[PDB]
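S.K.: Using UniProt numbering, read the sequence shown as starting at 1 and increasing by one per residue.
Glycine is no exception: its CB is placed at the ideal position from the N, C-alpha and C atoms.
Would you mind keeping the following structure in view while I ask a few things?
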Amino acid sequence: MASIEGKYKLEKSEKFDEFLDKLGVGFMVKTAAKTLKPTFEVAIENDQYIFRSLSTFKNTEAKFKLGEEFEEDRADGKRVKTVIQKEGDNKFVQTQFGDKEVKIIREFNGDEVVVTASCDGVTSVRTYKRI
Numbered sequence: 001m002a003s004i005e006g007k008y009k010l011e012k013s014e015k016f017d018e019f020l021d022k023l024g025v026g027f028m029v030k031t032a033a034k035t036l037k038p039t040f041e042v043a044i045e046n047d048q049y050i051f052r053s054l055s056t057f058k059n060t061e062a063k064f065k066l067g068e069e070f071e072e073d074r075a076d077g078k079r080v081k082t083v084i085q086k087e088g089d090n091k092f093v094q095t096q097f098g099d100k101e102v103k104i105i106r107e108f109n110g111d112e113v114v115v116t117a118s119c120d121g122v123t124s125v126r127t128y129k130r131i
């Protein structure tokens, strides 16, 4: 809980059109990548993690434990695996069934977050602007 909470928006837009093939979205996030429409909020409460998604062609909040693993309907209307685990107290790693098994990594530098997506053979990199 080292102030790892906050609201953060897309601020790079590089290999998104390839990564979004695994995320499950289409043109609606490809056009959101020309701006900062896709955003997330991380709210680390002293019981559970609240993983607010404002990307995925659907803004919505999700609330779960650390290192949990389930498969339920979320985003635009897609049921895929979801497991979110904070590495140490600063890196965050998450896996979803997406199209087969994508792995996203997010590391809290302090003013921004480095994203590292990687699937079967599809890798992405975006810096998220935190505010």
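1. Alpha carbon to alpha carbon, what distance is there between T60 and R52?
2. Report yes if the C-beta distance between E101 and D120 is below 9 Å; otherwise report no.
3. State the CB to CB distance for the pair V93 and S55, rounded to an integer number of angstroms; the pair is presumed to be in contact (CB under 8 Å).
4. Would the segment 72-88 count as touching the segment 5-22 if we require 3 or more Cβ pairs under 8 Å?
5. Give the straight-line distance between the Cα atoms of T35 and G67, rounded to the nearest whole angstrom.
6. In whole angstroms, what separates the C-alpha of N46 from that of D99?
7. Going along the chain, which unbroken runs of the beta strand (DSSP E) with 3 or more residues stay wholly within the UniProt domain "Lipocalin/cytosolic fatty-acid binding" (6-130)?
8. Is the beta carbon of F64 less than 9 Å from the beta carbon of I84?
9. Could you compute how far the alpha carbon of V125 sits from the alpha carbon of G77?
10. Quick one: what's got a C-beta closer than 6 Å to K22's C-beta in the same chain, skipping five residues either side?
M.R.: According to the data block:
1. Computed Cα separation, rounded: 6 Å.
2. yes
3. Contact flag wrong, Cβ pair sits at about 17 Å.
4. no
5. Spanning the two alpha carbons is a distance of roughly 31 Å.
6. 33 Å
7. Qualifying beta strand (DSSP E) stretches, in chain order: 6-10, 39-44, 49-53, 60-64, 70-74, 78-87, 91-96, 102-108, 112-118 and 123-130.
8. Contact flag set, yes.
9. Distance between the alpha carbons of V125 and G77 is about 25 Å.
10. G98, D99, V102, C119 and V122
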